[PDB]
Amino acid sequence: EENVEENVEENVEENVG
Amino acid sequence: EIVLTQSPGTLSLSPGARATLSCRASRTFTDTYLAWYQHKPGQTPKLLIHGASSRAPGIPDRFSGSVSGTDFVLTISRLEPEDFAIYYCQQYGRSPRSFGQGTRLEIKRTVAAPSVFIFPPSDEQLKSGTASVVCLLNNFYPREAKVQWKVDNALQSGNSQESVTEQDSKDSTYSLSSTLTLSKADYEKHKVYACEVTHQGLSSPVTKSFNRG
Amino acid sequence: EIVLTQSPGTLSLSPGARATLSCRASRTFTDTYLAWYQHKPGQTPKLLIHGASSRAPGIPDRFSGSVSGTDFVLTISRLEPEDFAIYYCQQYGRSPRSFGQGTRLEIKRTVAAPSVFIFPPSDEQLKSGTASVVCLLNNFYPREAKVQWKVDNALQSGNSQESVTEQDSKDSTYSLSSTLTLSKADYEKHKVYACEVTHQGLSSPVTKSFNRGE
Amino acid sequence: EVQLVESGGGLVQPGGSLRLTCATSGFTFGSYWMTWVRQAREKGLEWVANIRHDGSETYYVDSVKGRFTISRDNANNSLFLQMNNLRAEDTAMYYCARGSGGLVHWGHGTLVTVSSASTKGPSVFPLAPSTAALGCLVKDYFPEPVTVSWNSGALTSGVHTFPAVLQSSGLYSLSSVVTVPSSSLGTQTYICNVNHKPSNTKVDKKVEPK
Amino acid sequence: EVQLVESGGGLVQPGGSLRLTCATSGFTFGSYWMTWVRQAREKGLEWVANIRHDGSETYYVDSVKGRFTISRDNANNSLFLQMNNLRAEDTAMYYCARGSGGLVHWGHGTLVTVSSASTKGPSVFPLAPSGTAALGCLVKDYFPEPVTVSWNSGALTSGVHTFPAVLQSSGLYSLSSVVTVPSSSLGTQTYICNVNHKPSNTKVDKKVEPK
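So the protein lines, in turn, are chains R, L, B, A and H.
Numbering follows the deposited numbering, in which position 10 of the first sequence is assigned residue number 10; successive positions increment by one, without gaps.
Residue numbering for the second sequence is 1 to 27, 27A, 28 to 212, as defined by the deposited numbering.
Residue numbering for the third sequence is 1 to 27, 27A, 28 to 213, as defined by the deposited numbering.
Residue numbering for the fourth sequence is 1 to 52, 52A, 53 to 82, 82A to 82C, 83 to 99, 101 to 127, 135 to 214, as defined by the deposited numbering.
Residue numbering for the fifth sequence is 1 to 52, 52A, 53 to 82, 82A to 82C, 83 to 99, 101 to 127, 134 to 214, as defined by the deposited numbering.
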């Protein structure tokens, strides 16, 4: 319960550049 | 990144009342990896609620949490004298697992007036090469106050520092002290020094002053 | 714009080996918006690595990812028998958020022998107008195998199709099946049919046959 | 409990149109990006399109630009992929996935087939045994898929249902076999259960020695 | 019992280094994520870094990237925080906590002070008087914290307000203590504030007389 892993960022905006 | 902003800045309630503390995010919440912490000055921080709505072991039942949309709320049903502290929310789903800026939960009482005093700089410090004037505010409520320095009635800024005590364990009031500091040469350059105090318990800005050059 | 190429296409290693799966780009990566997937047959793909070097929640310690320059590598430190499937990389910072072509991971195993069988066409199919003969290879390793159709004794070509299963989870072997499809007339022009199976794990070509064809 | 259920897939002729729908539950649909991913037969995974949580941005793979349209109804928890002017190479299994980065939650997918051929039910033929092996020949059906089970799901060991093969006529055919000891040549009955939902075909074929 | 003990850290100059150690016991160390958290004066709690159970993944807050390094030795039950190129804004109390989510078990916390200032004792000045009467002592220009203040060797403890110190631009702390008394004990009773500054071994006793 104390070991929260690095969760996924599921809302990735579009990158420009 | 998702930024957590807590509301209100300072919460003023009396023992036995119902407390509601907010924690709003930059975007809509998408998980339950949220926590509430209690922190008293000089004491170790303490977890109250994890998983947005689960009480940590040992936490009394009067603490409950819930998350909905863009607001993350901590609820204290009836305020115990041991509950007045600083409260931080936190997200821990992924990096950065940042906290909120904090909410000060103070005790509510009747409006009191600050008994303002003033002290001229002692001659012992003048021999060093500097002078510092002090303006005292004693036992008042609420914590909000504003003092100004006007050397020869000319608004002074960028040369003062203020300090506030904790809420008294009996009077439930605060105490403020502003220290104006300027060069010894700039001290004898003028003659009239004063500090104006503005507070709710004051019908008009009182000004205890001195004129010793 | 930027395309991803996974090397190799097929990779064969023993259990407990160290797997180094590569995913190269046309130009050097400018972000860590890369991922790795594991696609086992019959299930949906499973996210393994996100952010180029972070494990997804619930992913064991042996899976790890890293990126440097133009190489995006997934590492499986100790290959367990279950960690054998198809692996795709993916970019997801900019559209098109495309995958690579994928890399198959095969389990190495001691060479096994194909127990060859044969099946004649049923009379129910004969009255329909066509005839299908089935040659079965059950549980064999490796995948390389050669199956020929021998109507009487003249070699047949251009009239059969083969279908290979995938590696079993228990046996870690394969299974092949060739189907000789000929018209009812050509099934009447001859009488004897046989499939000769030549396999590396076979000391000699095994030939299971049937007669009564007409 | 994140649920993604695709629908609207089936058999369509070249140039026809088809509308895919992804019903969602277990999360706030309007808070996430959504993505469509397809995989063709014996091909790799292909990203098709994605859409912003508010529907203000849509992106597509080049092969579908001008023909496919992704959209959403945040009030109905539904995601749509309008497919127009369908080419044969658009035949694949189409998957619904939440988000736009590392795809964690996937749907089960719906099969979209683009061909001029008509729906045909399969012909199930026995494979007579002579240890011993026996099977069933599921021949000439369209479109995919076909599901085969032995003894109503009782024989789950040693069974190998081979993947389908596309024949010259444009129809599919597969075979499912299972190995058994010769002691059960007559004392145990062996019946293969074949189901082809695209044509509502269900066949229970008993395999007997010749 | 879960035990977390932070050690290391202290006074350092800008650009200096400090290595924090969090010696743990009472639980399987290599089975838990570990986290560093800090809190600076007059500011809120700040999440700094955490590390996976096997140390294969580390994450940091932006302000410490490239300068701080979190590490662990699972055979020694020790969590580390190598702090390089320290800044004045790094001055805070540093806690180590178990896990990576809701932090239940905290350590007591160690204090890290980063400043170009040097050790200096305070200069005590009086705040002479001139309802009741107000008097006090101005404890000015000392480094580092803290300073203890008492009145009449601890006999006058009621009505005394010792403020929290303010950090001046020069890098030195300034303190003011006050007390209110009636005008009856103005000339009869003599009031002497007792100032103690241990990091400089400076003890000052100044009498405040009404002028």
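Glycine included, C-beta positions come from ideal geometry on N, C-alpha and C.
For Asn-3 of chain R, the chain H residues whose C-beta falls within less than 9 Å of its own C-beta are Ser-31, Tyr-32, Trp-33, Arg-52, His-52A, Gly-95, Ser-96 and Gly-97, listed in chain order. When DSSP reads this structure, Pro-123 of chain A sits in a beta bridge with A:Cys-140.
The Cβ atoms of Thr-178 of chain B and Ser-131 of chain B sit closer than 8 Å to each other. The distance from the Cβ of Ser-12 of chain B to that of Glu-161 of chain B is about 20 Å, inconsistent with a contact at the 8 Å cut-off. From the listed residues L:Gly-41, L:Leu-125, L:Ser-121 and L:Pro-113, the smallest Cα separation to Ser-203 of chain L is found for L:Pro-113.
Ranked by Cα distance from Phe-146 of chain H, the first of H:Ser-177, H:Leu-124 and H:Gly-95 is H:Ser-177. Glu-56 of chain H belongs to the set of residues whose beta carbon lies under 8 Å from a beta carbon in chain B. For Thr-107 of chain H, no CB of chain L lies under 8 Å from its own CB, so it is not counted at the interface with that chain.
Residue-level contact check: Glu-9 of chain R touches chain L, since one or more beta carbons of chain L fall below 8 Å from its beta carbon. With fewer than 16 other Cβ atoms inside 10 Å of its own Cβ, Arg-211 of chain L counts as exposed. At a cut-off of 8 Å between beta carbons, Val-12 of chain R contacts chain A.
Distance from the CA of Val-207 of chain A to the CA of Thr-172 of chain B, rounded to the nearest whole angstrom, comes to 30 Å. Taking CB atoms only, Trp-103 of chain H has a neighbour in chain L less than 8 Å away. Interface with chain L (8 Å Cβ-Cβ cutoff): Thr-24 of chain A is excluded.
Contact annotation, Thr-116 of chain H with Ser-186 of chain H: C-beta distance approximately 40 Å; criterion of less than 8 Å not satisfied.
Contact between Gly-200 of chain L and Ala-111 of chain L holds, since their C-beta atoms are separated by about 6 Å, short of 8 Å. For a Cβ distance threshold of 9 Å, residue set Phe-118, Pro-119 and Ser-121 of chain L lies close to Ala-125 of chain H, ordered along the chain. For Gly-64 of chain L, DSSP records a beta bridge to L:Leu-73.
Bounds of the alpha helix (DSSP H) holding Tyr-186 of chain B are 183-188. Within chain B, no C-beta atom comes nearer than 7 Å to that of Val-207 of chain A; the closest sits roughly 12 Å away. Exclusion of the five residues before and after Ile-69 of chain A leaves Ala-49, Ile-51, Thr-57 and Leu-80 as the residues of its chain whose Cβ lies within less than 6 Å of its Cβ.
Under the 8 Å criterion on CB atoms, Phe-67 of chain A is classed as non-interfacial with respect to chain B. Of all C-beta pairs linking the segment 27-36 of chain A to the segment 88-96 of chain A, three or more are shorter than 8 Å, placing the two stretches in contact. For the options L:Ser-52, L:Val-163, L:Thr-27A and L:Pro-44, the alpha carbon positioned closest to that of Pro-141 of chain L is the one of L:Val-163. Taking each of H:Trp-36, H:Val-12 and H:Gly-10 in turn and checking the Cα distance to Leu-4 of chain H, the smallest one comes out for H:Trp-36. Apart from the 5 residues on each side of it in sequence, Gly-10 of chain H sits with its Cβ closer than 8 Å to the Cβ of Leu-18, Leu-108, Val-109 and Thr-110 in its chain, given in chain order. Scanning its chain for C-beta atoms nearer than 7 Å, with the 5 sequence neighbours on each side dropped, one finds around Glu-148 of chain H the residues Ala-168 and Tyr-176, in chain order. Here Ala-23 of chain A is bridged, per DSSP, to A:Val-5 and A:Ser-77. Rounded to whole angstroms, the Cβ separation of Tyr-86 of chain B and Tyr-36 of chain B is 7 Å, and the two are in contact under 8 Å.
In the structure shown, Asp-86 of chain A adopts helical secondary structure according to DSSP, grouped into three states. In this structure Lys-143 of chain A is buried. Its beta-carbon is surrounded by 16 or more other beta-carbon atoms within 10 angstroms.
DSSP lists H:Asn-199 as the beta-bridge partner residues of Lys-206 of chain H.
Residue-level contact check: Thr-29 of chain L touches chain A, since one or more beta carbons of chain A fall below 8 Å from its beta carbon.
Pairing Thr-5 of chain B with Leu-73 of chain B, the inter-Cα distance amounts to about 13 Å.
In the structure shown, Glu-81 of chain B adopts helical secondary structure according to DSSP, grouped into three states. DSSP, read as helix, strand or coil, puts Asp-167 of chain L in coil.
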